[PDB]
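First the proteins, then the strands, lettered A, B, ... as listed; each starts at 1. Only heavy atoms go into these numbers, but all of them, side chains included; no hydrogens, no water, no symmetry mates.
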Amino acid sequence: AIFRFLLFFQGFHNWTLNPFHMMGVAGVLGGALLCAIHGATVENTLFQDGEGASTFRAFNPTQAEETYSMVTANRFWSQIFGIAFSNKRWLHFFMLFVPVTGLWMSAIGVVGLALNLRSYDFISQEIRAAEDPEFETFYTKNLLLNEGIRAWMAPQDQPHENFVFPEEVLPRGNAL
Amino acid sequence: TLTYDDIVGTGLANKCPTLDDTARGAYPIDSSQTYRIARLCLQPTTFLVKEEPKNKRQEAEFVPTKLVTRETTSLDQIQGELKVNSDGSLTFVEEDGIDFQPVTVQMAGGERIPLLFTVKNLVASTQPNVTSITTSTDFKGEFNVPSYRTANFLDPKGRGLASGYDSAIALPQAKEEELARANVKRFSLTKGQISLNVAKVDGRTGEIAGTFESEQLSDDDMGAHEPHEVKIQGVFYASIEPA
Amino acid sequence: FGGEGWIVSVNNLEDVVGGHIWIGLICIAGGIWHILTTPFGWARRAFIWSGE
Amino acid sequence: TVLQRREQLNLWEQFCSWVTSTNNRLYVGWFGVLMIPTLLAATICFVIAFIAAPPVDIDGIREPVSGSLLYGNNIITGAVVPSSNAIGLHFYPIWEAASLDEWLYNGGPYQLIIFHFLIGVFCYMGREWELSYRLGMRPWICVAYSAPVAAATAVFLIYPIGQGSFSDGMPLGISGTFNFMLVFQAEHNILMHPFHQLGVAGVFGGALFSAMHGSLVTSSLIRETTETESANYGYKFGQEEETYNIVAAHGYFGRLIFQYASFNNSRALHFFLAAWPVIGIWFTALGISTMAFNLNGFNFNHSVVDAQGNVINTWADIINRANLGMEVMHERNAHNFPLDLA
Amino acid sequence: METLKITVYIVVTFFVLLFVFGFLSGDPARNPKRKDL
Amino acid sequence: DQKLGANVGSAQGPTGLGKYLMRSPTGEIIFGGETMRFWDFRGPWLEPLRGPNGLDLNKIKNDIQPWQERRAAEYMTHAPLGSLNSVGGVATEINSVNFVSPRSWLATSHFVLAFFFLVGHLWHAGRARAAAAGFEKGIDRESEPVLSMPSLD
Amino acid sequence: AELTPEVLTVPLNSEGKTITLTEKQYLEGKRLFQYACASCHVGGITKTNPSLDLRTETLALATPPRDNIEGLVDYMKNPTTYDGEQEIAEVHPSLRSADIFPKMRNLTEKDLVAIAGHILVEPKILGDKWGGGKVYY
Amino acid sequence: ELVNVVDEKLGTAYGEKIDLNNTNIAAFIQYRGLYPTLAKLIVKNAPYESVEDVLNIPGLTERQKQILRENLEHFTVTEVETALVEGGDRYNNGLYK
Amino acid sequence: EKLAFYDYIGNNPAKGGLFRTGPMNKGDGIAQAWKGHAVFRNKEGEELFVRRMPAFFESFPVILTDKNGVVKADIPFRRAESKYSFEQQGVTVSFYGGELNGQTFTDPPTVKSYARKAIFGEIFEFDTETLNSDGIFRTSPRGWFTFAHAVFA
Ligand code: CLA
Ligand code: CLA
Ligand code: CLA
Ligand SMILES: CCCCCCCCCCCCCCCC(=O)OC[C@H](COP(=O)(O)OC[C@@H](O)CO)OC(=O)CCCCCCCCCCCCCCC
Ligand code: HEC
Ligand SMILES: CC1=C(/C=C/C(C)=C/C=C/C(C)=C/C=C/C=C(C)/C=C/C=C(C)/C=C/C2=C(C)CCCC2(C)C)C(C)(C)CCC1
Ligand SMILES: CCCCCCCCCCCCO[C@@H]1O[C@H](CO)[C@@H](O[C@H]2O[C@H](CO)[C@@H](O)[C@H](O)[C@H]2O)[C@H](O)[C@H]1O
Ligand SMILES: CCCCCCCS[C@@H]1O[C@H](CO)[C@@H](O)[C@H](O)[C@H]1O
Ligand SMILES: CCCCCCCS[C@@H]1O[C@H](CO)[C@@H](O)[C@H](O)[C@H]1O
Ligand SMILES: [Ca+2]
Ligand SMILES: [Ca+2]
Ligand SMILES: [Cl-]
Ligand SMILES: [Cl-]
């Protein structure tokens, strides 16, 4: 049912085009990135605090000392990526900030879609394409997919409308 | 002698057969016997496009172009009747074959000119009194140039002739008269002309080869814009056999 | 890449069988070689020498 | 010739010492020796093509798609367009074209960019191993990065290989990405594939756990500042003492759920933060890489049937109607025969 | 196009040889601890 | 379509390329439509129709045998597409045919295995390096290498 | 709705005689249809020739008529073109060409009757969906 | 002005019957005995000045002529439309199910 | 005319876009006059009704039913199997009230153009030149107020 909701939002709202959804995507994927990279960095800058080759036992919850080297982690990422965290407090606040802000932005976009206030089109694209039948972009390609979604899914997805679309009116490319 | 695996990927598959420098003979025509062209091959070597000047009095010239669709241009496996006429002239009537290729060439400055390079429904005749085909024989004829896209083709907004929308659906309340030429698709059908100059003849085998020049219009994008005039020059090969 | 396909393009059993003649002799020769030799200096310095 | 070989040999060693130096502002390394030129070539070609490339005949049907800014695109619609379906999987470098004009029409830039890019990020992964070795670190950050590398490889290389054409690789653009996703759903029902579902759990969960870990550490920072200072100044780079009270954090989280659902071992916790999103992305990369060979998502179309034999639709059948709409419309001029078999 | 091809072939061979001979040049010993590998 | 009377060599498709037959980028005669990407394919049921220049229109017109029609139909309808629950067909297919090609099962399984074995290569290669150098269990607090290096800036 | 004896009653021949299939007969016919036919005829269409379908109205206009058990059983032994002019066993599975279409081997008269009954019953259940293709999925 | 010639043709007898000069060959499946043998002969030997000219196709059998006479009521002829007959579209017009 | 104008989807506040800026007049135009009520009939003289566009749909097909909802005409996409085209069904349109009161149109392109407007409800004449209107629907202050205040809330 939720997968259907996703595809409805594509076909009717062009929701992938919406910059509020795009910021949501950035915050979710950026949050997953931070989760992975921080966990991996701690686990690979650990101090040797025991003799075991499995290193989980060499940690004490009440200990005062950092269990990994912030200084070595900072130099690694500075040299690999160009920048690195130097402040552990900023690091962990940023891990909250990114996915929390992304989800908040996606919610704003959905509030617009409650009113059909979509990022559906680029007007300049439509004026050019209407006048110039050789002009084609990935944006115009996706609207054709949306038009297919609406026509092929609406009769069963919106049964209260009692849609009957005769086979001759359905949008279809060649052969398919 | 060569097999597919000798040829594949070389570009030789887009080249027409050639005849030796020694093939300067004469293929006798028996006016009582029927003939056919068993294979006609046309390999373009130059695409020229006539410029469209602003001055309606400056005589426009055909200028060179750059081929951008690679070695996909030749017409081949074309066959048809080779009639002997009352006056001894020959008339080739094209029946079937790979007798078209879409081609895109590019003008200086980047303008792309697609065309349907073709000899569809070619009827081409020699001079009278061709008792033998020689290096003096010529063919001249006309052919049809149908629309570069056929009727099902849909533009990027889904509009078409035999399928598709009939309006600019992304502009639901725009005035339609200004978009009529883009909205209402039209199917072009024009005439082209070709000359074949026989330069070599193998009288024993019935093979001939030479150069051709053809003139035809380019793609008009189903009526959306005016086509350009194109001149195609290249080489040809044909095998004639009694039928 | 397309139209070539590296060894995946082998398209007749004569090449398949002859290829296995070569691999068989190569492996037997290489095995004899490694029973009778020890790694050269350049190999010793290039690799890690441990079970893992 | 004599001791000259030793003057060449120490010069080589000086170069090796510079390449592997822990003191370069950006680490070079042997992987960097391949990474730096390939990433520069891919970046430069991408930027030039994104701004200025002419339209590309992606589907091999002489129907060129405009991707560049100067040819009518904005940031959202622009892309570097995949190479022509007429090329398929054939290798199409510049020198195989008769001209740059031909190379551009046929989508040559796409191949140049993705091949240099993929070499570059594989070497970026090797470089992450290499620097960790030079610094005396444990080695497995590169294993976490193998997840995004696997995902990029799936959409730019594996999927084109399975389908027989780089024209089906993911476009280098924002709207081109969405096009790839929509067609993928029509042709593979990826939403109904458990490896993509694991991918979603991976990124939803990664974002959740990022916010969770961030909020729990931030919640238990030790007071080192006044209210007119950012609390971030309460931590000094390289200090030996931990900057938050993990006993307090655990005491909170253990009561939020229950005691034994909460990590008290920081090493276990950070391993979990690494493993969850990394494994989820590995599986979703494998989803793309196995739907590349057309082992597709679950198909429950018409699975529910009544006593007479009438189909009783489920939400899976409604999904199928959306997939059909995308199937019949995509590449509207490219299919001549009834089945889309790649 | 031929000149460009040869140029790129040389360029690629150059960097790949640097990579290979680089990692052959006693790379195990290039670490901060046991440099006698 | 040829049985119905179509001249498949001269049939122009909607794009201007041949509906049935076209040229590869180097000129060979090949099948048209999306399968233009697959012109490197070679198989015993198809090769009798191939000549020096590619697919041979004369052999296509005159020499296609019923066993070739049978084989092409069989292979068209056993294409390696199908669902994880072994519903054969495209993703929009209705349930009916229980089929996933052995080629799909064998290709997917070995991609998955080969991928994780590459991960395992990286895992164990990195660990073997760190263990031979003596820091696979972590950084020595009393001898941390980075503390003896000059700052980057 | 129920799979009733009336639903299972189909024309036996072109002269108006009917036959009432058992529920077992119908289910066997459905199983055998999937086994030997659905690779091309899933849902009543024809993948290798979409112009011809398995709708009863289409079968009724074939020559000889195929809208009855005997006509369909005869088709599975000796298939013809739609106008009856050519025998197509060399390219269409049948008892006559079971040597080259091995799934037809060991098919009995009862098996063919069951397959034919499935083809005639299915549109009585599914209506225009049978032979409709993806538009009706 | 500008007119879609296919939509225009739908207002002629082409929109009501099988047009022997234009309609795609699959339409002959609508009536008994026409497909594929007669359908192929009809398309190959088009165009026809009137529907009855279909009876004069060289080589027809006596039975085929009888079958054609039985179906003349379902046939029409209009002027050949280039857009409907180019591209081999009478043999395959890009429509399946 | 004020009552007819409310029965027109260009005044529906759920037809806009987030970046389609400005007054509604910038889209469909400045409304000038009611054209009158369009009555569609087929050649048999049955009154047919254009199916109206729901707010959800950026685009919508043209389908005409009789009073019982039976489909009687449409504008086809694929033409080769069209059965309900305005040309085949002899669709006409007559206007009652407004500018076109008493007029009947039979030219199929003209009848189809009015049918396209009828999916929006009552049909109006617009000045599209004064504001250089682009023909794309925008929302009203009702929509903009609602959006801002739900977001701020
Ligand atoms: C399982 C098989 C196997 C394994 C694990 C080994 C392992 C070894 N061999 Mg033995 N060898 C084998 C089979 C094997 N061999 C066989 C079958 C033969 C007979 C031909 C030999 C003959 C042989 C000789 C003559 C020598 C070795 C040597 C060695 C040692 C160094 C190897 C090395 O540096 O390679 C790494 C490879 C290089 C450094 C060369 C460059 C590789 C390029 C840069 C990459 C190519 C990648 C490419 C993708 C490959 C596929 C495509 C390509 C073919 C185009 C190492 C212990 C050396 C040794 O010390 O012997 C005492 C040595 O001198 N082997
Ligand atoms: C190379 C491995 C391989 C391949 C390609 C196949 C392929 C096939 N098998 Mg065989 N089989 C295998 C190994 C394999 N099998 C093994 C190991 C067993 C013992 C369990 C079997 C026992 C078996 C039986 C009893 C049957 C088959 C059947 C089949 C067919 C249907 C399969 C199906 O529906 O799966 C459904 C797909 C799944 C269940 C997917 C599971 C995916 C796993 C969980 C992915 C994760 C593993 C990953 C590598 C680990 C990650 C590590 C970490 C990061 C978590 C298909 C031809 C059927 C058949 O038709 O026989 C004629 C059948 O009845 N297989
Ligand atoms: C309560 C708020 C509000 C509302 C509902 C309206 C409503 C309206 N205005 Mg008024 N207006 C307002 C406040 C408002 N106005 C203010 C504060 C000003 C001074 C700037 C104006 C000045 C103004 C002018 C000059 C005009 C209007 C006009 C209009 C009409 C067209 C609106 C339009 O096109 O919006 C378009 C809306 C958008 C394109 C949405 C913008 C979304 C922003 C940019 C998102 C930013 C996201 C952010 C960067 C993300 C950060 C993330 C980070 C935290 C990580 C509509 C009736 C037009 C009219 O027709 O007048 C007669 C007109 O010409 N308004
Ligand atoms: C082989 C070498 C590859 C080099 C590639 C170039 C990498 C560029 C990396 C980002 C440089 C800009 C950083 C500005 C900001 C900056 O200087 O940050 C520096 C900051 C340092 O953190 P500290 O812990 O030292 O700061 C703590 C306190 O100072 C806070 O007040 O780093 C972070 O905050 C990490 C999280 C931000 C990570 C942002 C990554 C952004 C990725 C790029 C996104 C935009 C792409 C747009 C494409 C059109
Ligand atoms: C694909 C390889 C097929 C399989 C497997 C089966 N059939 Fe078929 N069928 C196929 C084609 C191409 C055609 C058209 C043939 C022609 O040129 O006329 C058919 C036709 C039929 C028909 C006639 C339909 C009609 O409207 O007249 C019937 C009744 C039929 N097929 C039945 C059928 C059965 C029972 C099968 C399983 C045993 C079967 N077919 C398999 C293609 C293929
Ligand atoms: C059987 C057969 C065949 C044949 C085959 C063959 C003959 C094979 C061979 C093969 C081979 C002959 C292979 C080889 C390989 C090699 C390799 C794989 C290498 C590797 C390397 C490495 C790994 C290295 C590394 C490094 C570096 C790079 C740097 C420095 C350091 C080190 C050393 C680490 C054929 C095809 C005909 C057909 C089919 C069958
Ligand atoms: C495609 C190319 C194929 C190449 C195949 C190579 C086959 C084997 C030839 C090895 C040649 C390299 O030879 C290698 O070079 C470097 C530098 O010269 C040497 O010297 C290196 O090792 C020593 C010992 O760890 C280090 O202290 C030193 O810093 C380093 O320069 C290596 O000790 C030698 O083994
Ligand atoms: C840094 C230089 C970037 C190169 C600019 C694009 C290639 S060059 C560019 O090509 C256009 C299309 O052919 C021409 O119209 C234009 O005159 C020409 O300047
Ligand atoms: C002769 C057919 C065209 C005239 C009638 C078409 C339907 S009505 C037509 O629609 C346009 C778009 O809304 C309006 O801008 C214009 O005011 C109106 O005249
Ligand atoms: Ca001459
Ligand atoms: Ca205007
Ligand atoms: Cl698409
Ligand atoms: Cl196709």
Side-chain angles (χ1 to χ4, degrees), chain B residues 80 94-97 99 120-121 144 146 150-152 162 187 189, chain D residues 336, chain F residues 1-14 18-21 60-61, chain G residues 49-52 61 63 81-86, chain H residues 5-6 9-10 12-61 63-65 67-96, chain I residues 78-81:
Chain B
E94 194 242 358
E95 299 177 359
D96 196 13
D99 61 5
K120 275 178 175 311
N121 313 134
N144 295 319
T150 74
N152 286 1
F187 195 106
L189 182 65
Chain D
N336 297 338
Chain F
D1 294 358
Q2 185 176 241
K3 277 176 179 185
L4 292 173
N7 288 337
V8 298
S10 51
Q12 170 192 2
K19 194 184 298 176
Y20 310 94
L21 296 168
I60 284 176
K61 292 182 175 186
Chain G
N49 192 343
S51 299
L52 292 169
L61 289 163
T63 303
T81 46
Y82 195 62
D83 54 14
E85 295 270 41
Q86 316 173 40
Chain H
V5 298
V6 175
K9 215 135 191 74
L10 291 179
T12 71
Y14 170 84
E16 305 158 11
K17 298 185 175 175
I18 303 173
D19 182 348
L20 302 187
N21 298 339
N22 290 287
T23 304
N24 162 277
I25 195 171
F28 290 97
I29 292 163
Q30 290 172 47
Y31 305 99
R32 181 181 319 276
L34 299 180
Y35 182 101
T37 309
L38 287 171
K40 172 176 187 174
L41 292 167
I42 293 173
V43 179
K44 184 217 159 291
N45 290 269
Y48 308 90
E49 288 185 1
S50 72
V51 163
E52 311 90 63
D53 284 301
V54 83
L55 303 175
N56 295 338
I57 293 167
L60 293 173
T61 69
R63 179 51 180 155
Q64 282 170 338
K65 297 167 181 178
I67 294 176
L68 289 171
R69 277 189 290 275
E70 206 152 7
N71 284 282
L72 299 179
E73 63 172 319
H74 307 306
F75 300 159
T76 190
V77 291
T78 74
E79 236 93 273
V80 173
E81 168 55 51
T82 300
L84 293 173
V85 305
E86 285 298 331
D89 284 359
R90 290 201 75 185
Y91 299 102
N92 186 325
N93 62 5
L95 272 71
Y96 302 99
Chain I
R78 285 174 172 180
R79 316 303 212 268
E81 289 169 11

Do the side chain of [X] and the main chain of [Y] share a donor and acceptor less than 3.5 angstrom apart?
| X | Y | value |
| --- | --- | --- |
| H:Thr76 | H:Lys17 | no |
| H:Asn71 | H:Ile67 | yes |
| B:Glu94 | B:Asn121 | yes |
| B:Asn144 | B:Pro146 | no |
| F:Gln2 | F:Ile60 | yes |
| D:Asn336 | F:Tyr20 | no |

Quick check on F:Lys61: does its NZ atom have over 12 non-hydrogen neighbours (other residues, nucleotides or ligands) under 6.0 Å away? yes

side-chain contact (heavy atoms from CB on, under 4.5 Å) evaluation trace for B:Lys120 with F:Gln12: CA-CA 11 Å; B:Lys120 275 178 175 311; F:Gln12 170 192 2; 4.3 Å; yes

Checking side-chain contact (heavy atoms from CB on, under 4.5 Å) for the pair H:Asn21/H:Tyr48: CA distance, chi angles, key distance, verdict? CA-CA 7 Å; H:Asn21 298 339; H:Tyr48 308 90; 3.4 Å; yes

For a side-chain contact (heavy atoms from CB on, under 4.5 Å) check, start with the C-alpha distance between F:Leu4 and H:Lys40, then their side-chain angles and the critical distance, and finish with the verdict. CA-CA 5 Å; F:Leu4 292 173; H:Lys40 172 176 187 174; 5.5 Å; no

Which of these passes side-chain contact (heavy atoms from CB on, under 4.5 Å) with G:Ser51: H:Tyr35, H:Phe28, H:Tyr96? H:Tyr35

Which one of H:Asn22, H:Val54, H:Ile18, H:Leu20 satisfies the side-chain contact (heavy atoms from CB on, under 4.5 Å) criterion with H:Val77? H:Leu20

Give me the atom names and distance for the closest heavy-atom approach of [X] to [Y].
| X | Y | answer |
| --- | --- | --- |
| F:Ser10 | B:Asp96 | OG-OD1, 3.0 Å |
| H:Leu55 | H:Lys65 | CD2-O, 3.9 Å |
| F:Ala11 | H:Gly87 | CB-O, 4.3 Å |
| F:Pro14 | B:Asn152 | CG-CB, 4.1 Å |
| F:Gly13 | B:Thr150 | O-CG2, 3.4 Å |
| H:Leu38 | H:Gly33 | CD1-O, 3.6 Å |

Checking side-chain polar atoms at under 3.5 Å, does H:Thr78 have a donor or acceptor matched by the opposite partner on H:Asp19? yes

Enumerate the residue pairs fulfilling salt bridge (charged side-chain N to carboxylate O under 4.0 Å, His left out) with a member in residues 70-95 of chain H, sequence neighbours excluded, ordered by first and then second residue. F:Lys19-H:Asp89

Rounded to the nearest 0.5 Å, how far apart are [atom1] of [X] and [atom2] of [Y]?
| X | Y | atom1 | atom2 | answer |
| --- | --- | --- | --- | --- |
| F:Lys3 | F:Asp1 | NZ | CG | 11.0 Å |
| H:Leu84 | H:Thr23 | CG | OG1 | 8.0 Å |
| H:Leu41 | H:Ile57 | CG | CD1 | 6.0 Å |
| G:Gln86 | H:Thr37 | CD | OG1 | 5.5 Å |
| G:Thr63 | G:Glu85 | OG1 | CD | 8.5 Å |
| H:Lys44 | H:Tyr91 | NZ | OH | 8.0 Å |

Is there side-chain contact between H:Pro36 and H:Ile25, with at least one heavy-atom pair below 4.5 Å? no

Could you go through G:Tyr82 and G:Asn49, starting from their C-alpha distance and side-chain angles, then the distance that decides it, and tell me whether this counts as side-chain contact (heavy atoms from CB on, under 4.5 Å)? CA-CA 12 Å; G:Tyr82 195 62; G:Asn49 192 343; over 6 Å; no

